[PDB]
């Protein structure tokens, strides 16, 4: 591993094209960077250096565990436990609820001085900087990753997306394209969301779009090459991709309508 510092990461982010004063949605891997002097704290500081005082950093802070136990599959739980879990699950707390599968950087980021987290109990985002409150305000149940969500806010704020040591499999912005596009064979289903109600949760059944993630690599690579101003490069030891979210999401809508046809 290469010894990588706060200053080196910040300079490499500027070399990739991270706009001072811009809104930046970050999908980060800590272990891909090399050996980070100061670890996840050094990564967060370098990202704040890159965007500057007038910039904004946004990161997914998903808490997938706050979901019906019948859906659980990494460690599935006994069926006899399901009703106790449903009644006793603590409600989402933006300060207390940890992230799952988001990475050490977002988990370190969410608590930063000035960082604010959105209200969705499963798909919240944390933001820091000039437009942080706007990014996280009124995150609705209707389209958790679409209209009235922080993904829509990054779009309206003409932000960039940084894939830092991870690829299109972590590209949340494709979900914004999925909600906006009536592509052939688009499906819906009913989901259970635990909505906070004091010290308890109130399970609310809601309809939602069924996401499709199999073509993320083919769609990403095709949309990325057609996104004007995009860049590829190395930040530390990590392979990185930087792109304008607006142009890219609009191309993803065009890709889904032309190339998706579900069984």
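Numbering follows the first chain given and starts at 1.
- For the pair 70 to 78 and 90 to 98, the record assigns the higher mean C-alpha temperature factor to 70 to 78.
- Averaged over Cα atoms, the B-factor as recorded in the entry is higher for 27 to 35 than for the other of 27 to 35 and 40 to 48.
- Among 189, 175, 120, 117, the highest C-alpha B-factor in the deposited entry belongs to 189.
- When the modelled residues of the chain are ordered by their C-alpha B factor, residue 203 lands in the highest third.
- Annotation for residue 145: CA B-factor lies in the lowest third of the chain's modelled residues.
- For residue 128, the recorded CA temperature factor ranks within the lowest third of the chain's modelled residues.
- Ranked by C-alpha B-factor against the other modelled residues of its chain, residue 60 falls in the lowest third.
- When all modelled residues of the chain are sorted by CA temperature factor, residue 20 is found within the highest third.
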